[PDB]
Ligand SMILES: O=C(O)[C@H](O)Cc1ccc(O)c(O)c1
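One chain comes next, on its own, written out as C-alpha cells in the form solved without the ligand.
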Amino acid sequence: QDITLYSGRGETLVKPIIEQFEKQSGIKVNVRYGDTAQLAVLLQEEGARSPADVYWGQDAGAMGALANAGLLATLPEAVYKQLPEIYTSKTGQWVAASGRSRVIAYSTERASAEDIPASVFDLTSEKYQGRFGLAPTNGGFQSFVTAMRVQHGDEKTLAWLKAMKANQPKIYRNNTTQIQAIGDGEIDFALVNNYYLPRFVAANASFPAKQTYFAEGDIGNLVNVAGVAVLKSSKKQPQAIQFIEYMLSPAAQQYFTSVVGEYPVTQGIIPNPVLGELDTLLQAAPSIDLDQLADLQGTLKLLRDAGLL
C-alpha cells in the first residue's frame, strides 16, 4: 500500500517524517513537492480526478480555498476533536500539524517587554517612530493583514497600514534580515513569524532579541498553521488518516518544535525555550476562522493603496 501526498512543505523538513512514517507504518508515501498556493490551484483544476490523498501546506489561505471548493474530506472526530480550536477546522476538514504564529521581536539592548503594547494597533504612535522593520512581501505578514481585515474591516486596516507607513518604517526582504537588523541596531522592533529567532539563538545563545505577544486575543498574535487534510477524491482515507495521526504523535510534534522551531499542537511536548509554553499561546491567540484568509487579492489591493506594495 502507498499514498500520494502533495506537500507545500520543503523536502528537507518532510523527508525525515515520511521516511519514519513508512518505517513504522508499512505505507509508502509518494510526495510531490511544490508551492502551497500553487498546489491548491492545481487541486482545484484536477478536481475529482486528482491522484492526491493528502495535502499538507504552510498557509491557511490556500487550505481555506480548498475547503470552500468542497474538495476536502471530513476527518474522523477521533483525529480533530481533542485539539485546541485555533488548530482545527470548525467542521473537521483539516488540522494543524504545527503552529506558525505572529509575534513581536524586540531589542533587548534598546527596549524591553515593558515597551510592547496591548495591541498591534498601538504601534502607530510616536514612541515607535523610526523604530520598526516591515517585510510587506512576506507571506506571513500578508496573511496577518488578511486576518486583520477579517477581524476589523478594511477601513481600520488601511488606516493602520498607512499610519504605519507614515511612521518611517524600514522595509526588509524577510524576517531573517529584520531580526538581524535588531541585533545590528537599525531597529528596536519587528513583527515576525515565531520560528525565526530560534535559529538565531541556536547560532548564538546570547543573540540580543526576544519575541513576545500582545494582549490576550489581539490580532497581532494570529496563529497561522501548517495544515493537513485528506482529499474527498481519495480511495485510501484510512491510510491517509494514519499519516495524519502519525504527524500528531509525540515524536513528530517534538521534532516540529525542536527541529523546525514551530509550535506543537498537542500537550506533553518539551517546549523550545524561545517560544515558551503552548498554554501561553492559547491565551494570547485570537479567534479567527482561518478559512477566511483565502482572500489574498483583497489584501494585496490594500497594500498597494497604502503604498507598501
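Don't overthink the numbering: it's just position in the shown sequence, from 1.
**Q** If you average the Cα B factors in the entry, which is higher, 44 to 52 or 61 to 69?
**A** Mean CA B-factor is higher for 44 to 52.
**Q** Tell me which stretch, 201 to 209 or 145 to 153, has the higher mean Cα B-factor listed in the entry.
**A** Taking the mean B-factor of the alpha carbons in each, 201 to 209 is higher.
**Q** In terms of recorded Cα temperature factor, pick the maximum from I182, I104, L75, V225.
**A** So the option with the highest C-alpha B-factor is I182.
**Q** Can you pull the Cα B-factors for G92, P238, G99, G133 from the entry and say which is highest?
**A** The listed residue with the largest C-alpha B-factor is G133.
**Q** Among the modelled residues of its chain, does the C-alpha B-factor of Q82 lie in the lowest, middle or highest third?
**A** Within its chain, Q82 is a middle-third residue by C-alpha B-factor, going by the deposited values.
**Q** Relative to the other modelled residues of the same chain, rank the CA B-factor of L5 and answer lowest, middle or highest third.
**A** It belongs to the lowest third of the chain when residues are ordered by C-alpha B-factor.
**Q** Select lowest, middle or highest to describe the third in which the CA B-factor of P273 falls within its chain in this entry.
**A** Highest third.
**Q** Rank-wise, by C-alpha B-factor, drop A215 into the lowest, middle or highest third of its chain.
**A** Middle third - that is where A215 ends up once the chain's C-alpha B-factors are sorted.
**Q** Sorting the chain's modelled residues by C-alpha B-factor, tell me whether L296 ends up in the lowest, middle or highest third.
**A** For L296, whose C-alpha B-factor we compare with every modelled residue in the chain, the answer is the middle third.
Below, we turn to the form deposited with the ligand bound, even though it does not appear here.
**Q** Given the ligand superposed in from its position in the entry with it bound using nearby C-alphas, should this pocket be scored open or blocked (3 or more ligand atoms within 2.4 Å of backbone or C-beta)?
**A** Result: open.
**Q** Name the single residue among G99, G220, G133, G140 that comes within 4.5 Å of the ligand in the entry with it bound, judging by heavy atoms.
**A** For this set of options, the contacting one is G140.
**Q** Could you work out which of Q93, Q211, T146, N193 is the residue within 4.5 angstroms of the ligand in the entry with it bound, going by heavy atoms?
**A** Flagged contact: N193.
**Q** Counting only non-hydrogen atoms and a 4.5 angstroms cut-off, does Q58 reach the ligand in the entry with it bound?
**A** Flag for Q58 set to yes.
**Q** Does any heavy atom of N175 come within 4.5 Å of a heavy atom of the ligand in the entry with it bound?
**A** Although the ligand is absent here, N175 would touch it in the entry with it bound, with heavy atoms inside 4.5 Å.
**Q** 180 to 188, 193 to 201, 111 to 119, 68 to 76: which one contacts the ligand in the entry with it bound at 4.5 Å, heavy atom to heavy atom?
**A** In the other structure, the partner sits against 193 to 201.
**Q** Taking the ligand as it sits in the entry with it bound, which residues of 1 to 24 have a non-hydrogen atom within 4.5 Å of it? Please list them.
**A** Heavy-atom contacts within 4.5 Å come from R9 alone.
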